Asks: 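Got a structure for you, written out below as structure tokens; questions coming shortly.
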Amino acid sequence: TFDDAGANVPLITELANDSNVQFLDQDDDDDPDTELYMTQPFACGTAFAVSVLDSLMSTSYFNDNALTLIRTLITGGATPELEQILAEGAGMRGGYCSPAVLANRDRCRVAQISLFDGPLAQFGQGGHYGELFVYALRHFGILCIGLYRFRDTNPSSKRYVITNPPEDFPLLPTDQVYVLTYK
Amino acid sequence: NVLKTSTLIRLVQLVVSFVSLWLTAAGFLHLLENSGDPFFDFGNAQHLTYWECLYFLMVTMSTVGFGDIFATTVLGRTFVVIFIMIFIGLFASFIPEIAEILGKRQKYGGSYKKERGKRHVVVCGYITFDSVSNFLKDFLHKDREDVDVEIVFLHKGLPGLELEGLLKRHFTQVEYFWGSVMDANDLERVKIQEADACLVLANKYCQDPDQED
Ligand SMILES: [Ca+2]
Ligand SMILES: [Mg+2]
């Protein structure tokens with residue numbers, strides 16, 4: 001407690017054994033035989049483990065280009081050039097840079113934004129995800145990819161992921177939306 | 001998808017391999033003995049039934065060999081020699097591996113049946129004849145007031161014979177289950193939702209007390 005808030009602080013835990021996910025939180029209704037991705041701590045983004053990544057073998061085979069899509073995002077924009085400069089053993093070389101290479105700063109990133117206030121709040125006030133998607137893309141170039149919604153609606157702080165909802169999916173004023181964004 | 005586990009796969013393979021080879025070899029001997037030998041114009045023959053051949057092969061592959069029934073054609077005898085060299089190896093390896101698989105079964109599975117108005121205490125951690133005997137002789141001691149509390153041991157192991165004797169001496173008020181408090185399914189079996197307390201005993205004589213803690 002910090003009364004001088006406890007479970008309100010956001011955690012992400014790397015797990016060595018995916019079965020230990022059941023110990024991370026209370027009132028999960030734990031089972032030993034649910035796969036990690038179904039468990040409440042993973043659905044909330046409070047837990048992670050290596051076992052969710054091993055399908056990247058088969059995705060790297062079936063579409064190489066799609067693995068570069070993930071990495072551009074997940075590394076924040078590492079490149080074969082940067083990987084080679086590090087493999088040259090000299091350490092990460094840097095300094096002041098030209099306007100020509102600084103053009104790479106204007107690139108897309110993943111961001112998370114709230115429907116509680118600002119121009120998009122009109123959709124949190126009883127609109128639908130399809131309305132929000134089209135409006136944000138048209139007015140801002142903001143491309144919505146999913147929701148981060150409170151698990152319970154009334155008292156806990158936990159939220160869960162909803163990848164790419166249907167167009168008629170109802171929104172809440174407390175929702176946050178994951179967005180691809182350019183500034 | 002029904003044959004789910006490696007031991008059930010091995011079990012069904014052993015049993016059905018044995019039975020199919022035994023039934024096949026019994027038919028083969030039945031053909032040879034009832035045929036009679038071709039070298040003697042089929043005059044040397046025996047009128048065995050298939051069931052007598054099936055019995056005789058069991059009696060020979062087990063190496064009992066009563067000789068109440070035996071082969072008398074030269075083909076049936078040379079078949080019995082080939083059969084002896086092969087099937088003694090099968091019987092002497094298969095029957096112990098069947099007995100091993102049937103022996104490797106949990107004897108303290110199942111679930112605590114909560115009696116209508118009695119209390120129970122779950123006990124776990126370092127459970128052994130030394131820890132349990134010292135615990136029970138203080139917990140169930142006659143100088144305490146008479147209270148009906150059941151003790152429910154939960155441990156990931158089979159009791160040693162000394163502990164199994166001690167559990168049987170307290171059969172009316174002590175119960176034991178295979179399992180671990182690390183599994184929600186085992187905690188449900190011991191009915192811990194409505195236990196009065198859980199006691200976690202420690203190995204005071206472990207090689208390192210931080211791994212034990
Ligand atoms: Ca839990
Ligand atoms: Mg009882």
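Chain letters run A, B, ... following the sequence lines, proteins first, then strands; residues in each count from 1. Just follow the structure's listing: the first ligand is 1, and inside any ligand the first atom is 1. What's counted below: heavy atoms across the whole structure, side chains too, no hydrogens, waters or symmetry copies.
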Asks: Any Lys/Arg nitrogen of A:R149 or A:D175 sitting under 4.0 Å from an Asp/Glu carboxylate oxygen of the other?
Replies: yes
Asks: Output yes if A:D29 passes the N/O/S-under-3.0 Å test against the Ca ion (ligand 1); output no otherwise.
Replies: no
Asks: Kindly give the atom name of the N, O or S atom of B:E175 closest to the Mg ion (ligand 2).
Replies: OE2
Asks: Of all N/O/S atoms in B:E150, which lies nearest to the Mg ion (ligand 2)?
Replies: OE2
Asks: In A:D25, what N, O or S atom is nearest to the Ca ion (ligand 1), if we give its atom name?
Replies: O
Asks: Mind checking whether the Ca ion (ligand 1) has an N, O or S of A:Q22 under 3.0 Å?
Replies: yes
Asks: Provide the atom name of the closest N, O or S atom of B:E115 relative to the Mg ion (ligand 2).
Replies: OE2
Asks: Which class fits the ring pair A:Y135 and A:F123: parallel under 30°, tilted 30 to 60°, perpendicular over 60°?
Replies: tilted
Asks: Assign the ring pair B:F83 / B:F87 to parallel, tilted or perpendicular, where the plane angle (0 to 90°) is split at 30° and 60°.
Replies: parallel
Asks: Determine whether the aromatic ring centres of residues B:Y108 and B:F177 are separated by less than 6.0 angstrom.
Replies: no
Asks: Please find out if less than 6.0 Å separates the ring center of A:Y160 from that of A:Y148.
Replies: no
